[PDB]
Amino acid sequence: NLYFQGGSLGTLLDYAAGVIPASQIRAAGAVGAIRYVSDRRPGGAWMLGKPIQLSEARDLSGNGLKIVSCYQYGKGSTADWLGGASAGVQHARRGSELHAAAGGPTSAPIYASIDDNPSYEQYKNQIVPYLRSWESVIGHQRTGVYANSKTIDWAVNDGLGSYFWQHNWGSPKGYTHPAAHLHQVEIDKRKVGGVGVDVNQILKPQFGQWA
């Protein structure tokens, strides 16, 4: 149960296991997708949904669906942010390249992923340099952050990131950070076109869509 904060402005799906036709996204009641501009990590060769390719972007856009870019390569003991400043330049450069190669415009942001529930120490020591490096590569105005509500608050206070996508791992129950553009409300509980999807709700009308 979410505290009321205004109601969803539409559903965006995210998925790593495969590519979903536009017609099936629409049929599922979604208005678009948040798609990976990242490679497949070790142990992730199954992730046929990484990265989004140009042919998919054209399908989605032609059907009037919204596209948002996000970036996540590693996870857990291989989380991207562990490497701080150097890792942020490496991942932002790669994300930038894959975004451009998918047809993504320079007017759209890329949501860098903090797929964790970090301590404030980890945040200051590792995540701050990581996100500052993202901003050095693509610019503040293009830097989005996928993170829990505590981490979004920290970033907002430090001036890091222009777009925020909240996850629930370490977020207070029912809470939606008021700076957030997008909220992941359900993970890996449903399939569309045979592909497992997470469900995200749009919180603000300008949320990083390509168009």
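In case it trips you up, residue 1 is the first one in the sequence shown, and so on.
Compared with other entries of the same protein, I187 falls in the group left without coordinates by at least a third of them, where both flanks are modelled.
For the segment pair 38-46 and 65-73, the entry gives 38-46 the higher mean B-factor, averaged over Cα atoms. Remark: stretch with higher mean C-alpha B factor among 26-34 and 167-175 is 26-34. Based on the entry's C-alpha B-factors, the most elevated value among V156, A180, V145, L54 belongs to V156. The entry assigns its greatest Cα B factor, within the set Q90, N125, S113, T78, to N125. For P105, the recorded CA B-factor ranks within the highest third of the chain. Only modelled residues enter the ranking. Compared with the other modelled residues of the chain, the Cα B-factor recorded for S133 ranks in the middle third. In this PDB entry, the Cα temperature factor of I202 sits in the bottom third of its chain's modelled residues, the lowest group. Among the modelled residues of its chain, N117 has a C-alpha B-factor that falls in the middle third according to the deposited record. In the deposited entry, the Cα temperature factor of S8 places it in the lowest third of its chain's modelled residues.
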